């Protein structure tokens, strides 16, 4: 399974830890920010571009609060980014939403919790079915 990751200066430290975690678990990781991005708009958009052009369907954005990376990346047509700070949304956003990526705020979420969130996200597949109408509506928007 492929996973795209990116981060700004505030999310860089955690991004590095997660990358190590992902590699140790056999995941093929595409890091779009070997060096911290200028800001979360740059990192979140970098992850989005790489994702929508790759065969991967899982991505993780890191910044101080998560809110920013989601706010910025969701402006991209076809993109769906979920800010995640607890373990239910971690899987539900993948199951119900397109959740092409999740955003974690390093100033909000501790590392051990972030890992549980990430693993639940990566382990969950989109359910399709009735949920597709909402995704079709979202992909139609700017």
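Numbering follows the first chain given and starts at 1.
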- Query: Between 40-48 and 89-97, which has the higher average C-alpha B-factor in the PDB entry?
  - Reply: 40-48
- Between 124-132 and 20-28, which has the higher average C-alpha B-factor in the PDB entry? 20-28
- Message: Quick check on the deposited entry: does the C-alpha B-factor of residue 105 sit in the lowest, middle or highest third of its chain?
- Response: lowest
- Query: Which third, lowest, middle or highest, does the CA B-factor of residue 113 fall in along this chain?
  - Reply: lowest
- What third of the chain, by the recorded C-alpha B-factor, contains residue 61? middle
